[PDB]
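Here's a solo chain for you in structure tokens, the form deposited without the ligand.
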């Protein structure tokens, strides 16, 4: 899988999502070659890239134009993006112009989370999966609540990752900030 350092960063744009988290998002998403996915809040483009290479069509969204831009760039350095539709703007609105989806990953919920999830429910093909990435405590609560209220069986997994940094004296463990994944039954 593509490591975090082989991504082009932009200060105003957050990400890339830790590879270990991306790794898991894919396990949960169960990507299929005929699937249509939407990555709300694509940011650096980490999820989009991984999805890009495993599904039929990927619809990437972000309010931040810098994000849309960083994702396009990262799509290129890796040679992907033909099956990717980039959409700059407000998520709810962009979501209404998309076909139905088999997979929905919601990252930077930009505080319109509840609205985004309702819409996504309405377009979720039978057997579809939703995976919300949470950094803020509040998102972890809101996601769980919304999905539950939308009738899904909800689950949550928090990941605390530490990677070793080679120093001259030895190997010190460096932490990543905790990331939660709220996901619906398959």
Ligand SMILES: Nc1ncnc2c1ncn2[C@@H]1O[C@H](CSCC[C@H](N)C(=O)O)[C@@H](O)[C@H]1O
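Positions refer to the first chain, counted from 1.
Chemist: Looking at the deposited entry, does 152-160 or 117-125 carry the larger mean Cα B-factor?
Modeler: Higher of the two, by average CA B-factor, is 117-125.
Chemist: If you rank every modelled residue in this chain by C-alpha B factor, which third holds residue 41: lowest, middle or highest?
Modeler: According to the entry, residue 41 has a C-alpha B-factor in the chain's lowest third.
Chemist: Within this chain, which third does the Cα B-factor at residue 94 fall in: lowest, middle or highest?
Modeler: CA B-factor rank for residue 94: highest third.
Chemist: Is the Cα B-factor recorded for residue 106 in the lowest, middle or highest third of its chain?
Modeler: Lowest third.
Chemist: Ordered by C-alpha B-factor within the chain, which third holds residue 70? Give me lowest, middle or highest, please.
Modeler: Residue 70: CA B-factor falls in the middle third of its chain.
Chemist: Would the CA B-factor of residue 167 place it in the lowest, middle or highest third of its chain?
Modeler: Its C-alpha B-factor belongs to the highest third of this chain's values.
There is also a form deposited with the ligand bound; it is not shown, and the following applies to it.
Chemist: Would you mind picking out the stretch of 121-129, 62-70, 149-157, 28-36 that comes within 4.5 angstroms of the ligand in the deposited bound form, counting non-hydrogen atoms?
Modeler: Only one stretch passes the 4.5 Å heavy-atom test: 62-70.
Chemist: Check whether residue 99 has any heavy atom within 4.5 Å of a heavy atom of the ligand in the deposited bound form, and answer yes or no.
Modeler: Heavy-atom contact with the ligand at 4.5 Å: absent for residue 99.
Chemist: Consider residue 81 of the chain shown here, and say whether it contacts the ligand in the deposited bound form, taking contact as heavy atoms within 4.5 Å.
Modeler: The answer is no: residue 81 has no heavy atom within 4.5 Å of the ligand.
Chemist: When the contact criterion is heavy atoms within 4.5 Å, does residue 104 count as touching the ligand in the deposited bound form?
Modeler: No, residue 104 is distant from the partner.
Chemist: Would you please decide whether residue 58 lies within 4.5 angstroms of the ligand in the deposited bound form, comparing each non-hydrogen atom pair?
Modeler: Judged by the heavy-atom cut-off of 4.5 Å, residue 58 is well away from the ligand in the deposited bound form.
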